[PDB]
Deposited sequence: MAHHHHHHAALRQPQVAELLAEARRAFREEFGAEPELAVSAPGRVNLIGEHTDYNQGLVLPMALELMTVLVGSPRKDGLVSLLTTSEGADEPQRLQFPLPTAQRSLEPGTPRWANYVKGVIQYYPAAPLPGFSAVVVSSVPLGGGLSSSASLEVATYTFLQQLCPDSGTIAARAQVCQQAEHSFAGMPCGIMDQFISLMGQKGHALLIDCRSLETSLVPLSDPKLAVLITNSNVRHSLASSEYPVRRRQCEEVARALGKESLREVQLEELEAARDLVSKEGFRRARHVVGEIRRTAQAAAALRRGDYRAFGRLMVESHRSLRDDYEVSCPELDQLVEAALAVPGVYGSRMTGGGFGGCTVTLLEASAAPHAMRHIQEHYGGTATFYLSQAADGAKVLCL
């Protein structure tokens, strides 16, 4: 039991949501939903390049609990300390006249989005409490967890018609338009599409999806939070950076580009952009590779891809951080460790590490002790997707 080891329980989480709600609203909540977060095993920054990704859902998740309102108002609360002040917010529904605006608190930017876009209708007013086990800004998609969780609740409010992909699309837009973060599709999907003891190999181009099992009692998924959070002014930049490269190469995406082919436009694309593209191109393949290694059970070959991945992300994409790099280094230092890399967005957050379960504990100390920061550890297993919880 590391002391830095967190085992948040959903039963718990609900109970919390039940309490604050009861306390904040004076009564028992009517509805209960929850959207999990996700860790990317490999495939960073391909998302928005129509690349492959191989995330997996966690037990860390966002629980929303609440009730409709005759009232006609939107009124929320966030039990999260990681959020932006104030922790509460109330606002009136949009109308054909008045349409919600991304304001302050920024946290609320997420909810509003999912509200402003929700497909169906008519949408009531609601009382809502937001509980979460997903560290804010930790590389584990607290973003998507939040959005989805919101959307799924709304579904309880006003049932929709559409596909799952649509849902992801919704939440995505809301992030794009409301939170100002041109993200990709990954996060939402896996938040929706998740499944037990299984990893998802998703095709960002096609949206095709495949399940790679993760049910080994001898394999272990260790996530370490650096607890640092630097360069989000950066994301959209890389995005642009690629977009532009792909442009030069007369290609729709960098997905249609090949390691070998990039060296063609060497003189047709900026240095920087060369590097970015390179990472992306190799990363995508590296991803198709690691799923194969995994299905096959080549945890070694998998621990290696991961490392490569890290490095690309450090050197060519430039989205890591000394902390990350440190955390990785330390991990790699333990015996029983297949590989380790930074997960998610980059510029701080978490790392993900594959190892021998029995090594888990040693890893926890080595790391702690060699990480010149406050480290948080999660011994993760692939979880299920967005789901309604009946009170």
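Note: segments 1-6, 237-238 of the deposited sequence have no C-alpha coordinates in the structure.
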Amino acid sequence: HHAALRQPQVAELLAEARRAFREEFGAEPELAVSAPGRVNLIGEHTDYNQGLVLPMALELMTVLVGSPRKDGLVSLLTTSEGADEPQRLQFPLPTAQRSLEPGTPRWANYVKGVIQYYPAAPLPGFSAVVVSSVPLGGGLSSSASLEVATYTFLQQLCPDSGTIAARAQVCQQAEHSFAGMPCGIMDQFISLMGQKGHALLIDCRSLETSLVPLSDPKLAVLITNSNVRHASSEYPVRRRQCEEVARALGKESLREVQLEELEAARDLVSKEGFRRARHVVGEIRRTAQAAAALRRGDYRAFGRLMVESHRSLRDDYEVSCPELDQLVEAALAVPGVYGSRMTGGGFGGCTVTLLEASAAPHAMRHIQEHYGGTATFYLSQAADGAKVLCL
From here on, numbers count along this sequence of modelled residues.
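For the pair 265-273 and 87-95, the record assigns the higher mean C-alpha temperature factor to 265-273. Stretches 251-259 and 110-118 differ in mean CA B factor, with 251-259 having the higher one. Of all the options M193, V134, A231, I284, the entry's greatest CA B-factor is assigned to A231. Ranking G339, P335, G348, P55 by the C-alpha B-factor listed in the PDB entry places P335 at the top. In this PDB entry, the Cα temperature factor of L77 sits in the middle third of its chain's modelled residues. Per the PDB record, residue ranking by Cα B-factor puts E243 in the highest third of the chain. Looking at the C-alpha B-factors along this chain, the one for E30 belongs to the highest third. Residue-level temperature factors show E16 in the middle third of its chain, judged at the C-alpha atom. Ranked within its chain, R205 lands in the highest third, by CA B factor from the PDB record.
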